[PDB]
Amino acid sequence: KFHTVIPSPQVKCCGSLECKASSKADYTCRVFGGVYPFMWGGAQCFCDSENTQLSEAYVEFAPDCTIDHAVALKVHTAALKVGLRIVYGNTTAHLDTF
Amino acid sequence: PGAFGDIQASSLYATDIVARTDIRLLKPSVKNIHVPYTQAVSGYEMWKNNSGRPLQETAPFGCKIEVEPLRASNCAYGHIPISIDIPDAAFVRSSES
Amino acid sequence: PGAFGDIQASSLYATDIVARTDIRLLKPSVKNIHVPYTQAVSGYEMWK
Amino acid sequence: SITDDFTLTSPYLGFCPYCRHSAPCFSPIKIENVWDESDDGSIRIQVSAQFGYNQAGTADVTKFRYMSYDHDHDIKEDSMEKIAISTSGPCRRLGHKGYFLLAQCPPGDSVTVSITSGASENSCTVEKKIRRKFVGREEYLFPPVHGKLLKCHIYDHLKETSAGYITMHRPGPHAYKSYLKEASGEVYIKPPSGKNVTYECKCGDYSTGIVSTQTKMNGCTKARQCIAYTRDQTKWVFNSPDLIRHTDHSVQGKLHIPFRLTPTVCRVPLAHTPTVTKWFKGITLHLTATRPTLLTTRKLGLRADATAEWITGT
Amino acid sequence: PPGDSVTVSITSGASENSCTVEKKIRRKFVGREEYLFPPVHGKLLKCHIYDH
């Protein structure tokens, strides 16, 4: 299972921001035109409609993935190995052969 | 996206994770700071719901499927041409018996 | 077992009750004192 | 490296989609993540408040620190008997450390974290499907006394165990409208008593500075075109989607995620032994199941026609 | 919350009592999508509510 990591939004919010390239898994970015974002405390910057917000979203491994995960395998020709119990005369021999 | 293997990595502790989970970033509507997003369901979870029964229960010839290493134990199929070179001392003279 | 009449008596106040409910007594697996058992469903309730 | 010094970290305010009044609001107990991969029904919840620590950040099991609604940007401490988790009914608290709570919750369609009394009484409900989980091929409500022992993975009740880490970043700017006066036709910068506050204004020209007292600024007719936030802020906050990042958004430190998913042994029911009636080339199984029990068959030849069915009743 | 009955109770005092009636209360949503509680991000439609 993936953990959608959304970082804290960046607002160079009197001016403009540019989408970059990152190696994080499924790194999605988007630049939004005029925002004027609010928090507990009112207006977060000064210019009215010259405000740009950058949305980032990539994907991680969930913390519980070290236990609940799957492994993808390719398996080639199989080999047979047997344990034999040859009893000849009054002597018993145990042995493994390919 | 939405199928098994939508997120892949060589190991769990790897820094080269590759993923494709269909993340669409939406234009914020509310005044409060927000990152509205939408995503496809976890392919791992979808496969877990639609995995079917394992090889431990769908195996032929009464095979016991075991892991670490992967093996199919105690399979009843076919014939094995064994060739034994019995030591000479085991045989006894026809006079002794 | 599991059908109507798995417990039968000539009267409700009888000392000669006869039954067959498939009581299976299991081996105690825990350290504390226990009588593990499993039983078939009540035939009377099934018929109801 | 991963630190446990919570004096260097601070709680924050999030945007809860469902507060006490059933409306979105800024809350100190916002629910960030909910994890349910435990085979005994427990869940791990991440919150914007820090549990088990006092105001100063030193460990104190009976107290939790949260973000005040005040204009002075302070951190408040309250007792942990006021922390209540509910999913459909009340949930049992099994542990707490930092942003993380562990609870045993009945199945339900939502998760709630509340402060049940005091000044900071609120809630936070998020939509999560918490579903009943059972181990094995037999259904049960609570584990039986008699059964066989399998391998099940559960969340450790101890907070020292670590299941990963979370990245802690520098606190971003937090503009407060209380710091602007707008006296007559020109704006004034009013700090929260003697604390340094930095201003960013667009009164024709970009101007910035730090101030300890009242300031007239220059040519700002409206208070809309300037913002002010406290400079003292240096304690790290979580990488939350509800905060505005600093210009240096690098991973400054790391915190643990407690309650590791460890392997243990569970108690699982043993079903009623089937009654087998034998006929020519076949068997009949008389199966008594009070809860859904899985019957799986297969042939031991080349064809392995495999029946799987969940059986309830006789 | 949804349910089959409605109860009005006097939880304390001399006149502690109750009254229960059979009324079907079911979950209600607006639009073509099911939700448990309204989301932060969405589209604003016309819904009719009881003025508090």
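Residues numbered from 1 in each chain as written, not as in the entry; some residues may be left out. Chains lettered and ligands numbered in written order. Part of a larger assembly, values for the part shown. Heavy atoms only, no water.

Draft legend 1. Main features of unusual backbone geometry. The linkage connecting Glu 68 of chain B with the following residue, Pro 69 of chain B, adopts the cis geometry, with an omega of -5°. Structurally, the position occupied by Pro 69 of chain B is in the loop between β5 (64-66) and β6 (71-73). Of note, the phi angle at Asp 26 of chain A is positive, near 55°, even though the residue is not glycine. Summarising the element assignment, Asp 26 of chain A is placed in strand β3 (residues 25-32). Even without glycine at this site, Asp 22 of chain B takes up a positive phi of about 60°. One can find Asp 22 of chain B in the loop between β2 (18-19) and β3 (24-25). (Helix = DSSP H or I, 4+ residues; strand = E, 2+ residues; numbered from the N terminus.)

Draft legend 2. Spotlight on the state of the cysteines. In this structure the tally under the stated criterion is nine disulfides over all chains. One disulfide bridge connects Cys 16 of chain D with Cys 124 of chain D, the sulfur atoms lying 2.0 Å from each other. One disulfide, between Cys 16 of chain D and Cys 124 of chain D, carries an S-S torsion of 115° and so falls in the right-handed class. Residue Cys 16 of chain D is located in strand β1 (residues 14-16), and its partner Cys 124 of chain D is located in the loop between β9 (108-115) and β10 (125-130); the two are separated by 108 residues in the primary sequence. The pair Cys 16 of chain D / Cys 124 of chain D is uniform in exposure class, with both members buried. With its sulfur 2.0 Å from that of its partner, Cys 201 of chain D forms a disulfide with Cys 226 of chain D. Since a negative S-S torsion denotes a left-handed disulfide, the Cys 201 of chain D-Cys 226 of chain D link at about -45° is left-handed. Of this pair, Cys 201 of chain D sits in strand β13 (residues 197-202) while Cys 226 of chain D sits in strand β15 (residues 226-230), placing them 25 residues apart in sequence. Given the relative accessible area of 2%, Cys 226 of chain D is considered buried. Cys 19 of chain A carries a free sulfur, and the closest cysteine sulfur to it, the one in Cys 29 of chain A, is 3.6 Å from it. For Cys 47 of chain E, which is in no disulfide, the shortest distance to another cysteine sulfur is to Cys 19 of chain D and amounts to 19 Å. (Disulfide = S-S within 2.5 Å. Buried < 20%, exposed > 50% of the residue type's maximum accessible area, 1.4 Å probe, protein only.)

Draft legend 3. Molecular detail of the sheet that holds strand β17 (residues 253-258) of chain D. Residues and elements named next belong to chain D. Taken in spatial order, the three strands of this open sheet run β16-β12-β17, and their pairing is antiparallel. One side of each edge strand has no neighbouring strand; the edge strands of this open sheet are β16 (237-238) and β17. The pairing of strand β12 (residues 162-169) with β16 spans two bridges and is antiparallel. Looking across to β16, one finds that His 169 is bridged to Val 237. (Pairing = 2+ DSSP bridges.)

Draft legend 4. Looking closely at the side chain of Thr 21 of chain C. Relative to the assigned elements, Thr 21 of chain C resides in the loop between β2 (18-19) and β3 (24-25). Setting aside residues no more than four positions away along its own chain, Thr 21 of chain C makes contact with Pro 1, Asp 6, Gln 39 and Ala 40 of chain C. (Contact = heavy atoms within 4.5 Å.)

Draft legend 5. The sheet that holds β13 of chain D, seen in detail. Residue and element names in this part refer to chain D. An order of β14-β13-β15 is seen for the three strands of this open sheet, with the pairing classed as antiparallel. Looking at the sheet topology across the chains shown, the edges are occupied by β14 (206-211) and β15. Between one strand and the next, the sheet's axes are offset by a mean angle of 15°, whatever the strand orientation. Judged from the five bridges that link them, β13 and β15 form a sheet pairing that is antiparallel. (Axes fitted to C-alpha atoms, helices over the stretch in contact; angles between N-to-C directions.)

Draft legend 6. Seen up close, the interface of chain B and chain D. Between chain B and chain D, the contact holds 14 residues from the first and 18 residues from the second. Broken down residue by residue, the surface that chain B buries against chain D is led by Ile 33, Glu 57 and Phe 61 of chain B, which jointly contribute 41%. Two residues, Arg 137 of chain D and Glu 57 of chain B, come together in a salt bridge whose shortest N-O distance is 3.0 Å. Applying the counting criterion to the chain B and chain D interface returns five residue pairs in polar contact. Taken together, the elements giving at least two residues each to the side of chain B that touches chain D come down to α1 (43-49) and α2 (55-58) of chain B. (Buried area = accessible area lost by both parts, 1.4 Å probe. Salt bridge = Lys/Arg side-chain N within 4 Å of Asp/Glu carboxyl O. Polar contact = N/O pair within 3.5 Å; in protein donor to acceptor, adjacent residues only side chain to side chain.)

Draft legend 7. Structural view of the layout of surface pockets. All names here are of chain B. Here the second largest pocket defines a volume of roughly 940 Å³. Broken down by secondary-structure element, the contributors of at least two residues to the lining of the second largest pocket are α2 and β6. Per element, the largest residue contribution to the lining of the second largest pocket is three residues, and it comes from β6. Per-class residue counts for the lining of the second largest pocket are 18 nonpolar, six polar and two charged. (1 Å grid on protein atoms, 1.4 Å probe; cavity = no way out; pocket = protein on both sides within 12 Å on 5 of 7 lines; lining within 4 Å. Points joined across faces, edges and corners; volume = space filled by probe spheres on them. Nonpolar A, V, L, I, M, F, W, Y, C, P; charged D, E, K, R; others polar.)

Draft legend 8. Looking closely at the UniProt feature "disulfide bond" in chain B. Residues and elements named next belong to chain B. Taking the pair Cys 63 and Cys 75, which UniProt gives as a disulfide, the gap between the sulfur atoms is 2.0 Å, short enough to count as bonded. Of this pair, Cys 63 sits in the loop between α2 and β5 while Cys 75 sits in the segment after β6, placing them 12 residues apart in sequence. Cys 63 gets classed as buried once you look at its relative accessible area, which sits at 8%. On the accessibility criterion, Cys 75 (24% relative accessible area) is partly exposed. (UniProt positions renumbered as here; feature names shortened; annotations may be inferred.)

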